[PDB]
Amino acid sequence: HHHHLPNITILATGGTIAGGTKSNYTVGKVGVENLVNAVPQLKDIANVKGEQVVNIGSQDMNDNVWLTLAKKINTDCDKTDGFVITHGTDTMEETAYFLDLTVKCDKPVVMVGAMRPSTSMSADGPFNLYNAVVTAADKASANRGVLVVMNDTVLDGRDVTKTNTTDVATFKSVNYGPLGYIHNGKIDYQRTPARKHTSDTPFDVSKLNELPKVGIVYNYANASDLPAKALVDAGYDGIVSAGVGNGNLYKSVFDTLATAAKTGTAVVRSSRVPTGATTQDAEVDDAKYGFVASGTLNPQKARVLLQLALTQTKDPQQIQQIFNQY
């Protein structure tokens, strides 16, 4: 019997996270080719093949890259044993949740990035990529949804968020914790997300050319209603409020979003507060105003779900149910 390693596909969306114990290779025009050459220890754990999907800073991540990724994984599922997606850290948490809601492929999808440049002292990218491959290759990684692997830790795509502007340990599942820790190429999984994901969602992006327009507005003392008014005047399909405290709104932002909801604009109350749910049954009478409470979804994560909800329905009661199940 021949030992056979799993086939893992690396989909690249940006710059390389591994590069400058340096392996000696000829740098080519394809970033993902350079990455794999930078981390030759990948051969000990997987048969790796890399495709460069786009090449952007994740601060310029957008709906089209999302649809391109979901469709590619869903189309390519039978050709590999697992996927690693190399991504900028700034919006990795949004991409991860979009893919958590739209991937129908039943093999592991693992997102990975680097908080330090590949050229810097003590670059984190090489060992992060090695651990993302470990994760993607582990049969125990299946049926856990789309994952993020950073800093030796397996994180679910729904709760993971960037907590610190610079720290290599920045990625944390701040409400419900990580799924498993990685030591010496092995994962001890003690949790799985209960919210429905991947093949258990109704979201089917296979034929979509675009996503519903959903914008985010911020609340603070003496908040302007000019941003909320701008999104309404453009006919936005939905607005996510980054509310103060438990999803509360400055009165002038409240007044604009109540009027919008009455015309049929979907309105989701989230919070600028970095941990904890925007709860139903607090100080806002959601049912009266036609508003949706986001739960533990932060504003950027609430936008991802609301866009997908709006491919299915514009009924705020149906949108609330989606916000309570996914």
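For every residue, the number given is its place in the sequence shown, counted from 1.
Colleague: Just how many deposited residues go unmodelled from residue 20 to residue 21: none, 1 to 3, 4 to 9, or 10 or more?
Modeller: Count of unmodelled residues in between: 4 to 9.
Colleague: Quick one: say whether 66 to 74 or 27 to 35 has the higher mean Cα B-factor in the deposited entry.
Modeller: 27 to 35 has the higher mean C-alpha B-factor.
Colleague: Determine, for stretches 85 to 93 and 248 to 256, which one has the higher mean CA B-factor as deposited.
Modeller: Stretch with the higher mean C-alpha B-factor: 248 to 256.
Colleague: Out of 61, 273, 293, 284, which one has a C-alpha B factor higher than all the others in the entry?
Modeller: Highest CA B-factor of the listed options: 284.
Colleague: For the C-alpha B-factor as written in the entry, point me to the maximum among 121, 148, 179, 214.
Modeller: Of the options given, 121 has the highest CA B-factor in the PDB entry.
Colleague: In terms of the chain's CA B-factor thirds, is residue 220 lowest, middle or highest?
Modeller: Middle third, going by the recorded CA B-factors of the chain.
Colleague: Give the position of residue 43 by CA B-factor within its chain, expressed as the lowest, middle or highest third.
Modeller: Its C-alpha B-factor, which the entry lists for residue 43, ranks in the highest third among residues of this chain.
Colleague: Based on the entry's values, in what third of the chain does the Cα temperature factor of residue 49 lie: lowest, middle or highest?
Modeller: Within its chain, residue 49 is a middle-third residue by C-alpha B-factor, going by the deposited values.
Colleague: Lowest, middle or highest third: where is residue 235 by Cα B-factor in its chain?
Modeller: Tercile = highest for this residue's CA B-factor.
Colleague: Looking at the temperature factor on the CA atom of residue 197, which third of the chain's modelled residues does it land in?
Modeller: CA B-factor rank for residue 197: lowest third.
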